[PDB]
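Chain by chain, the residues run as shown.
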Amino acid sequence: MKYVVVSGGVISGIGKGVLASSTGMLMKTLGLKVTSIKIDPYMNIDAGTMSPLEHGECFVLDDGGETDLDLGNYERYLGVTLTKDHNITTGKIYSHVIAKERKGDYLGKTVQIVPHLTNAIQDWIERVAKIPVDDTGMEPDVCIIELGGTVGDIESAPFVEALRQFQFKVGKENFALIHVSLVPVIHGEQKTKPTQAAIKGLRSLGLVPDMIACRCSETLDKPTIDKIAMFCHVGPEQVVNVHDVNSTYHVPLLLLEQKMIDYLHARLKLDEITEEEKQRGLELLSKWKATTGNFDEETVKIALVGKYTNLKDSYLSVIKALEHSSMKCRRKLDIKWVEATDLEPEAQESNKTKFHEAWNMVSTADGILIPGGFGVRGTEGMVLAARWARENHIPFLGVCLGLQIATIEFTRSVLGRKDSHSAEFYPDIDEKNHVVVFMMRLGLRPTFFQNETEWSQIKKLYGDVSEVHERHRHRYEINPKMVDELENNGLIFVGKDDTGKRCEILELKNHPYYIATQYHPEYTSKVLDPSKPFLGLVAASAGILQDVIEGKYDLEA
Amino acid sequence: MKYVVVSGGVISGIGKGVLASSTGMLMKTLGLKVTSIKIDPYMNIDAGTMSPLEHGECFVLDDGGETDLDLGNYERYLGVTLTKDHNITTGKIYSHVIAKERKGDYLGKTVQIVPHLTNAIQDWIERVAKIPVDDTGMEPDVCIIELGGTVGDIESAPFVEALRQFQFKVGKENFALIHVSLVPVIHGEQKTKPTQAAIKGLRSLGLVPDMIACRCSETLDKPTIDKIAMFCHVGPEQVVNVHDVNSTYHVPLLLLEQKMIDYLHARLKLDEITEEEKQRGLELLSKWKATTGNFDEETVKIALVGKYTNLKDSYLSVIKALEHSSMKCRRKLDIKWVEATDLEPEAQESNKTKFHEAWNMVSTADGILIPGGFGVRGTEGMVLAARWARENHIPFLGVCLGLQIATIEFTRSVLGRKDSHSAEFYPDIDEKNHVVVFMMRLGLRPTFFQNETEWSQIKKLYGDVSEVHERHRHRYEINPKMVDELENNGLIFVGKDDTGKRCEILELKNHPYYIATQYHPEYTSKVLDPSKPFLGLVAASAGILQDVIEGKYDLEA
Amino acid sequence: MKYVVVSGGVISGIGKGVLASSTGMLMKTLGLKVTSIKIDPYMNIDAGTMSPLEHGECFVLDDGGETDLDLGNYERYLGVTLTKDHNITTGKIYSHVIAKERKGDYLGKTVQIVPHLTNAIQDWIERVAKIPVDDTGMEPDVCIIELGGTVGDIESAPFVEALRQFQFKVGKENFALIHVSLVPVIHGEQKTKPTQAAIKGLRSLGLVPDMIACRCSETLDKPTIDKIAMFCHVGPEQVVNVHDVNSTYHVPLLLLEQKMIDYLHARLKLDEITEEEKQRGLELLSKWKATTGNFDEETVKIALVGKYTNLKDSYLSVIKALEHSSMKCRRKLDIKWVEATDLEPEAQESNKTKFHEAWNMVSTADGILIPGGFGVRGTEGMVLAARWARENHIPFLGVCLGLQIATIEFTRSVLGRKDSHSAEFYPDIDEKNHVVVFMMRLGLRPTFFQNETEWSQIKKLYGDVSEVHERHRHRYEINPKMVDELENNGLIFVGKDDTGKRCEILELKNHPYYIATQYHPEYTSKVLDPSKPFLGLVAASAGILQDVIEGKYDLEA
Ligand SMILES: Nc1ccn([C@@H]2O[C@H](COP(=O)(O)OP(=O)(O)OP(=O)(O)O)[C@@H](O)[C@H]2O)c(=O)n1
Ligand SMILES: Nc1ccn([C@@H]2O[C@H](COP(=O)(O)OP(=O)(O)OP(=O)(O)O)[C@@H](O)[C@H]2O)c(=O)n1
Ligand SMILES: Nc1ccn([C@@H]2O[C@H](COP(=O)(O)OP(=O)(O)OP(=O)(O)O)[C@@H](O)[C@H]2O)c(=O)n1
Ligand SMILES: Nc1ccn([C@@H]2O[C@H](COP(=O)(O)OP(=O)(O)OP(=O)(O)O)[C@@H](O)[C@H]2O)c(=O)n1
Ligand SMILES: Nc1ccn([C@@H]2O[C@H](COP(=O)(O)OP(=O)(O)OP(=O)(O)O)[C@@H](O)[C@H]2O)c(=O)n1
Ligand SMILES: Nc1ccn([C@@H]2O[C@H](COP(=O)(O)OP(=O)(O)OP(=O)(O)O)[C@@H](O)[C@H]2O)c(=O)n1
């Protein structure tokens, strides 16, 4: 096997993940089977305790674990299904060694941070790097290991020990390291010294960088590359630079044009790794040239309406799912961020100025999106945003709480029933629009189209396939008692579960595009294969939905 | 409250504990209420998993937890009952913060090594420093904090962060630090540089030493003190030196004569802390002058016979209990270490040379001691050592497995019954000398003298008090069915438990001193109050037992 | 005596000098006698070898040494005459200890970087801090020590050793340190970690900061101050911040409003230092409020015409002399930078675009300034700039080479004599406008007004005083043979030397303001007392020269 560490810097937030999965996207250009592990220095075992206000969205796996949010950036860049084990954390590995301590697997020795815990970390990395995350069941050929925090943190010290020892447990010419570092510009001059002091830190703990990659406000000057390479064990051609680019999807072409892989090919001796891989490599490059061409080659404006949209990382997957689809439509994406509570009739006396800004965004947008918010607060405004797109023929997608609110609105305006509300307003009883279903429903579950719905815009985007598979995170579903009334009035539930009891998709009959999903489709959007409910929202906002379904926008003929 | 850190060095094993409890023994000279916490960098939560072969003896508390062995050094030096919480460990504190993470006590924040875990360590130290470990229920006035490992270890990095922040959570003029450091002598010259490089390490993590204390092969030269104080923020009078001394019990007088406390009095402003304390201070000095005088002011030879006596830390408490008692008898202690298996009739053909060395030690000794060994291996030789002291009137003490073997021997030689054995040889059934009693029996439990036994040598040493309280660690007891036969033949069980079913002490009727205890009395021996079963063993080995009971050797008239 | 170190950072160029002399300007607000030392890590003994292209202008002392350029920033901020010894450099101190090594002043000991060279640095700082640099001959009360480079450089390591030892040779409560450090803003967030890593570096070498001062793109957030003070031994009120301000002369008011001195008063216990000082303190504050008011309370455009004006530090003193004077005139300064060679008739075919930009600047400006350039290259354009201000009544000042070019132009256009040139064009002989006078003429020399010249605008600005004292740097003077012809034609030499042979000032008779000086007056401009030849240039460019001479712009009535 081969391995690539990505680590480093004098600051957290320097750029690692885009240098990580982006390096891993280019390993796939070579045809390689590829995987990724994110080592987190924080002490949470999983994101299941972490509220979406800090550390952001609880990204959800095929295996239904609530992981680190960043893992998602690797399931888009590489096109892989990761597992709950691919997110190593400081709380996860202290728990695993402490479990073995009380089980007595150390044969009554004292157990130490070195060597026992640093062995555990190496034994975890080489365990997880066997798992076949890729489009065929063979073990990966390269693993990208991203070390979070900064080298020289008292929180990241166990992992730089474990990785140093791993440079020997794995050989040189099988392991390599990319160190990501800061070139601050002040008084209009690129200063090298934070890279010198952080490389001094790196060699102290015993890792040696095979590349340096700079966060800089500028293109690195020719002398800045020379004054970094005069102070580190790299040639001047391995001081990589992730400068400003037209969009984040260009970074793997930037790295490849900086000859980043033409070194890793030699430095990891990758001639030592079938025709299927060689072909899938060339196809991945062709599909990259296609999505890149679709950026160079008109705007679509979408209002995303939810709770606390100020906290923009809390909707990260939704943004990326709109970006992947917008490159298929060749159209520039312009998300308007609306706080749902600023739409409310009460906000007009409380905070009038922001209420007009919110309503201008809703009124301007070519599509509306209710994104599957957290908790009840935004609901009253999200109803009025769903009403705005039901009545006037604006394209719409509701995700999770958005299907809940598409159904509350269609109840509250088409059936009358003005008292109806989410099951969250428990003591109203008779007018609850939803029912509890704890089984929380999580992870990849199927959904089956209702066999008559040949008219459907959404089941056309899915290619007329009989079923779909999707991620879930819900404790409530629409009350089955009401669903005949909604189906008879035209809010047709075009997809349901295995039992047929659960409301998984709706489409409003005879509207240009009004969909909702109980699942979160943004947790399976990929850059070459955009998630179909979001592709339909962009394509109908562009007024091109028919031609996307007919195939005028696939990447290769 | 006031606090004293003891930390440091370029090596583990430099001398901390003797500089720690010894500094705490002198805080008690001032009359202060005193406590101690040992911070261990290892990842075991407790010594209950740790086999006695590495990290040594599982020291046992009043509260019955199997602690770090070193805690014992503080219950002898200070005269305090500690608790399971006074041994902070890396496995204990990661478990406590990870429990709060899954309970959700962090209100859905991400939880970090800084500040959350470094707050947990400070909140633990100031929690535990409230507990009244002393001879009256008031909270302690000084806490001695010993930081294990070395500063600059990747295992000790969380604790030097937590202690730095603690220098502010507690004030300066309430916290002080003693750093213990190496002066190697090579080519006959004292080199200062390992102290310079380790003090550079110390100030990097942000602690500043109010004293330095040197491990050195010599008295520090006047220039060595000056060349350390020219490189650290200490006066030349605060470079303390724990040099070679007549015995370890002299170290608090060495520190006091080096004016160590005449600085801490000012540096912790201890004028800011009743007549009872002032008196108990002067009495502790008088009792120190007494035990010191008893060292300056003839040898007693004792054979300690057990499994794997090569592993001398595995019997540490037993050695210290013999030392405390030997200073009461004014006699020099000479422990002969015997491997019990080298006494066996089989060892004579297998390894003849060591078998003669073992038997010479047994034949020479003025007393025999079977120390409460671990597992079955040594048993056959320990029987012959008990027989040697039953028949010939040699003084004897059996501790735990030693009472078991005193009873197996008296069965095997006085009752005949040559097939009899420990309950460990389970499938013999009918001839098992013992019975299972799991309740493991642990911690401080009472023991009551049998009301007729006024003749007893051991119940005389206990001052004619009606009951005693002692630590236990046993899964087997002598089978109650047999005890009438043993009592009738003269192996009188002079002490039993609350129920009267359990065999807690035996004394053989009409022998100069042949005792065993099912408890471990070495876990309550103190330097001014020696544990009575061990005092009797030394005093009878000295042939002075009568006069020790009559009071010719108490410290003050 | 008291002392203040200014040091630090992860980068060179962070802001030290403005935090240094600015802190020293506020020590003078307290009435204190004040001095400054700049410690340079570079190996040049003096700027006399250093060409003005790199490290910039060779600033010149009262004592005529070619010093570090930065010393000037302290002679403006404090109002002091420094000496060649106030610029400590790595080349200067290795030379001084190596001289004592060959003289044998070490009594045949081996001489070492510690302690001998670190003693030399301390013995130099306390030597120089005695020298009475101030407006009365008493020794200074505070010394500001600026440590150049960055802490943790292999070039600055001898000085942080010497300063650490100096924290003891001088007492605490006599020495304090200000550490200047970086808060980079990326992704719109202020990151603290470069300050944590550089403070870790600082405490390693053993200095402790009594203040931190941040270079930041922003006002520091309340949490950024707290997260620096949680990681350093400073209160949150001693994390100072030199943010963007209207001009550099506001920084001492910014520091004073951040309560910077209200701490140093207590931290250096400055109550332990006469009515003259107390008065001169209040007067310095009043004069600061005046120059500050003159910034708050119309533009003057000046073309500065010389060689290589792209290298803007090479004219630093000239810029500051124009700033000090512009605050007296209450008018905003706008220096147009002209490359003198772009004015040439040859530049019109060679590089036409830049030639028009140069001539637009010359044609726009309210005054012309020829700044005393280095070498011959710019001369031909500087002639045409002097002609432009002779003929059209534009205000003018020529400094050094500017007097040379004022005289070459007046010769070349008023006397005819079109072949005339600087003595630099040696082989023309008969038409050389100048003569060699090596005595280089340097340092503070007098100049005496010619006793009839009562009409003069410049000798009016000097207050009708009989003589002036000024800095020089010239190897050429105007040929005395010609001076009668120039005086008779109206280029009256209104000031000459002690002998009357040397051309020190000219004024063209009956022009609104056309002055030149052979001396460099910008080497004695001060913020409360602007250098008179530059005050006249700004005041005549403002068309207010009469009223400045009559006194409509002095700071206090
Ligand atoms: N392939 C990627 C990589 C990053 N991002 C986005 O960029 C931001 C985080 O970038 P990252 O590469 O993780 O850098 P930081 O986390 O800012 O810093 P670090 O280097 O510490 O990860 C997030 O919006 C993340 O979703 C993304 O959309 N796609
Ligand atoms: N010396 C330190 C400081 C912090 N941490 C931990 O490592 C993480 C790094 O986060 P970081 O971005 O460094 O936060 P700050 O320390 O505030 O750094 P910044 O100021 O850039 O946020 C911290 O959250 C904390 O978990 C650490 O290990 N060692
Ligand atoms: N009051 C004390 C202190 C120490 N010792 C003994 O000395 C040895 C350990 O000494 P210690 O002070 O702990 O030093 P080390 O552990 O060798 O090193 P460190 O400084 O790391 O603790 C053990 O036999 C311990 O029982 C003792 O009998 N009584
Ligand atoms: N860089 C290191 C090395 C080891 N350790 C841990 O800290 C303990 C210190 O034990 P030590 O006595 O240092 O063992 P060694 O590393 O072998 O040192 P020595 O050679 O003196 O035993 C080690 O057991 C290990 O738990 C650590 O934290 N950091
Ligand atoms: N009282 C001062 C201080 C500085 N400057 C100017 O500001 C620049 C240099 O600022 P300085 O304070 O020296 O910062 P740097 O040299 O950039 O960085 P350092 O902190 O390393 O000195 C130069 O134009 C210098 O003349 C000035 O005009 N007046
Ligand atoms: N590790 C180093 C590197 C350089 N220097 C010296 O200290 C000076 C500091 O200048 P600096 O501004 O640090 O130059 P660079 O090293 O290039 O740093 P920068 O990239 O910010 O210019 C250098 O010129 C050199 O004299 C040093 O002492 N130690």
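Rules behind the numbers
- Residues numbered from 1 in each chain as written, not as in the entry; some residues may be left out.
- Chains lettered and ligands numbered in written order.
- Part of a larger assembly, values for the part shown.
- Heavy atoms only, no water.
- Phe/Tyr/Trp six-rings, centres within 6.5 Å; stacked < 30°, edge-to-face > 60°.
- Helix = DSSP H or I, 4+ residues; strand = E, 2+ residues; numbered from the N terminus.
- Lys NZ or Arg CZ within 6 Å of the ring centre and 35° of its normal.
- Contact = heavy atoms within 4.5 Å.
- Buried area = accessible area lost by both parts, 1.4 Å probe.
- Salt bridge = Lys/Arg side-chain N within 4 Å of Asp/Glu carboxyl O.
- Polar contact = N/O pair within 3.5 Å; in protein donor to acceptor, adjacent residues only side chain to side chain.
- Nonpolar A, V, L, I, M, F, W, Y, C, P; charged D, E, K, R; others polar.
- Patch = residues over 30% accessible without salt bridge, like charges linked within 9 Å, V, L, I, M, F, W, Y side chains within 5 Å.
- Areas by Shrake-Rupley, 256 points an atom, 1.4 Å probe, with all protein chains shown as cover.
- Buried < 20%, exposed > 50% of the residue type's maximum accessible area, 1.4 Å probe, protein only.
- Pairing = 2+ DSSP bridges.
- Near = heavy atom within 4 Å.
- Axes fitted to C-alpha atoms, helices over the stretch in contact; angles between N-to-C directions.
- Right-handed = clockwise from strand over helix to strand, strands pointing away.

Header annotation of the entry names cryo-EM as the structure determination method and lists the resolution as 7 Å.

Teacher, can you tell me more about the packing of aromatic side chains here?
The description of two aromatic rings rests on the distance between their centres and on the angle between their planes. Counted according to the given criterion, the structure contains 28 aromatic pairs over all chains. Ring centres of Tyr315 of chain C and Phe374 of chain C lie 6.2 Å apart, and the angle between their planes is 20°; on these two criteria the pair is classed as stacked. In this pair, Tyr315 of chain C sits in the loop between β10 (299-306) and α11 (316-328) while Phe374 of chain C sits in the loop between β12 (367-370) and α14 (379-391), placing the two residues 59 residues apart along the sequence. Through successive ring pairs, a cluster of aromatic residues spans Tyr77, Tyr249 and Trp288 of chain A. Against the face of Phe231 of chain B rests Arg164 of chain C, its NZ or CZ located 5.2 Å from the ring centre.

What is the right way to look at the interface of chain A and chain B in this model?
Many authors give the size of an interface as the accessible area that is lost as the parts come together. Each side of the interface is counted separately: chain A has 31 residues, and chain B has 31 residues. Its largest share of buried area at the contact with chain B, chain A owes to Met43, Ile113 and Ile154 of chain A, together 26% of the area lost on that side. Summed over the shared surface of chain A and chain B, the number is four salt bridges. A salt bridge links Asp46 of chain A to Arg102 of chain B; the nearest nitrogen and oxygen atoms lie 2.9 Å apart. The interface formed by chain A and chain B includes 17 residue pairs in polar contact. With eight residues, the top contributor of residues to the side of chain A that touches chain B is helix α3 (residues 90-103) of chain A. Classifying every residue of the side of chain A that touches chain B by side-chain character gives 14 nonpolar, 10 polar and seven charged.

What should I look at first to understand a nonpolar patch on the surface in this one?
All names here are of chain A. Where nonpolar side chains cluster on the molecular surface, the patch consists of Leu53, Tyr308 and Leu311 and spans about 270 Å² of accessible area. Within the secondary structure, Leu311 sits in the loop between β10 (299-306) and α11 (316-328). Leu311 sits in the partly exposed class, given a relative accessible area of 34%.

Please clarify how the pairing of strand β4 (residues 142-147) of chain B should be interpreted in this entry.
The side chains of a regular strand alternate between both faces of the sheet. Residue and element names in this part refer to chain B. In terms of residue burial, β4 counts as a mostly covered element, since six of its six residues are buried. As defined by bridge partners, strand β2 (residues 34-40) adjoins β4 across six bridges and the pair is classed as parallel. The residue of β4 that forms the bridge with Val34 is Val142.

Explanation requested: the environment of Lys16 of chain B in the structure shown.
All names here are of chain B. Within the fold, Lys16 resides in helix α1 (residues 16-29). When the C-alpha positions of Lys16 and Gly149 are compared, they lie 9.9 Å apart, and in sequence the two are 133 residues distant. The contact partners of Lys16, leaving out residues within four places of it in the chain, are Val6, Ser7, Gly8, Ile11, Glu146, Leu147, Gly149 and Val180.

What should I look at first to understand the site of ligand 1 in this one?
The environment of ligand 1 is formed by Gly13, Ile14, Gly15, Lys16, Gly17, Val18, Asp70, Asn73, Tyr77, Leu316 and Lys320 of chain A together with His187 of chain C. Between ligand 1 and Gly17 of chain A there is a distance of 3.2 Å, counted from an oxygen atom to a backbone nitrogen or oxygen. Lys320 of chain A places a side-chain nitrogen or oxygen 2.6 Å from an oxygen atom of ligand 1. For ligand 1, whose unbound accessible area comes to 560 Å², protein coverage reaches 77%.

Sorry if this is basic, but what is going on with the site of ligand 6 here?
Surrounding ligand 6, one finds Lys191, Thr192, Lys193 and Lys227 of chain A together with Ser12, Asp153, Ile154 and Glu155 of chain C. More than a single chain frames ligand 6: its nearby residues are located in chains A and C. A distance of 3.3 Å is found between an oxygen atom of ligand 6 and a side-chain nitrogen or oxygen belonging to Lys193 of chain A. With respect to ligand 6, the side chain of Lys227 of chain A contributes an N or O atom lying 3.1 Å from an oxygen atom.

I'm lost on the sheet that holds strand β2 (residues 34-40) of chain A in this one. Help?
Paired through their backbone hydrogen bonds, the strands of a sheet run either parallel or antiparallel. Residues and elements named next belong to chain A. Sheet architecture is open: seven strands sit in the order β3-β2-β4-β1-β5-β8-β9, paired in parallel fashion. Edge positions in the sheet fall to β3 (87-89) and β9 (239-241), since each of these pairs with one other strand and no more. The mean angle between the axes of side-by-side strands here comes to 25°, regardless of whether they run parallel or antiparallel. Its contacts with the sheet put helix α4 (residues 113-128) on β1 (2-7), β2, β3 and β4 (142-147), and the angle it makes with β2 is roughly 150°.

Can you help me understand the pairing of β2 of chain A in this one?
Residue and element names in this part refer to chain A. The buried fraction of β2 amounts to seven of the seven residues, a majority that puts the element mostly inside the structure. Taking every second residue as pointing to the same face, both faces of β2 are buried, with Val34, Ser36, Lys38 and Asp40 on one and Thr35, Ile37 and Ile39 on the other. Sheet topology note: the β2/β3 ladder contains three bridges and is parallel. In the strand pairing of β3, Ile39 is matched with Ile88. For the crossover from β2 across helix α2 (residues 71-77) to β3, the handedness is right-handed.

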